[PDB]
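Below is one structure, written out as structure tokens; comments come after it.
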Amino acid sequence: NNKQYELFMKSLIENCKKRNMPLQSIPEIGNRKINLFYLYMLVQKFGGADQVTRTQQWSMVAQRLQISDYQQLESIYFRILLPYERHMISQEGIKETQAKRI
């Protein structure tokens, strides 16, 4: 528990530095250090960030972390790690997602 975040973490950054710094520095929209995956978990409702950036499913995203800035939201999904949250899915599971054993 509390490790899931650290996972996406290394994922996003690798993207920010690989996507040519698509963000000067994560706007830590939520509370602790970064959390673009949580509110993101909600965007799943739409799946299409740019589609959810201006929908009802966003009022929950944006509000989830307590940002009330739907625009900053997809800035989270799209601007900090679009390809990831969206294209990193792959619907994995047929090879054990969790690399660490229990």
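A few points about this structure:
- Set of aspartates and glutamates with alpha-carbon distance to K33 below 20 Å, sequence-local pairs under 8 removed: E6, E14, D69, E74, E85
- FRET efficiency estimate (nearest 0.05) - Cβ-Cβ, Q66 to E6, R0 30 angstrom: 0.85
- Positive minus negative residues near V61 (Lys, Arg vs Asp, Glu; Cβ under 12 Å): 0
- Using θ = phi - 60° in the Karplus curve 6.51 cos²θ - 1.76 cosθ + 1.60, the 3J(HN,Hα) couplings for the stretch 7-20 round to 5, 4, 3, 3, 6, 3, 3, 3, 7, 4, 6, 8, 8, 6 Hz; x is entered for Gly and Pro.
- For the stretch 48-57, the Karplus equation 6.51 cos²θ - 1.76 cosθ + 1.60, evaluated at θ = phi - 60°, returns couplings of x, 2, 4, 8, 8, 4, 9, 10, 7, 4 Hz by residue, with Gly and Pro reported as x.
- Estimated inter-spin distance, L23 and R54, nm [label 7 Å along Cα→Cβ]: 2.2 nm
- Dividing the helix sum by the residues of the chain, where each DSSP H run of 4 or more adds -39500 (n - 2.57), gives a mean residue ellipticity at 222 nm of -12000 deg cm²/dmol.
- Karplus 3J(HN,Hα) series, Hz, for the stretch 27-32 with 6.51 cos²θ - 1.76 cosθ + 1.60 (x for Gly, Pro): x, 4, 9, x, 5, 6
- Remark: the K45-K95 segment gains 15.5 nm on full extension, using 0.36 nm per residue and subtracting the alpha carbon distance.
Neighbour counts run over all protein chains shown; Cβ positions are idealised from the backbone, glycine included. Every number here is computed from the coordinates shown, using simple stated rules; none is lab data.
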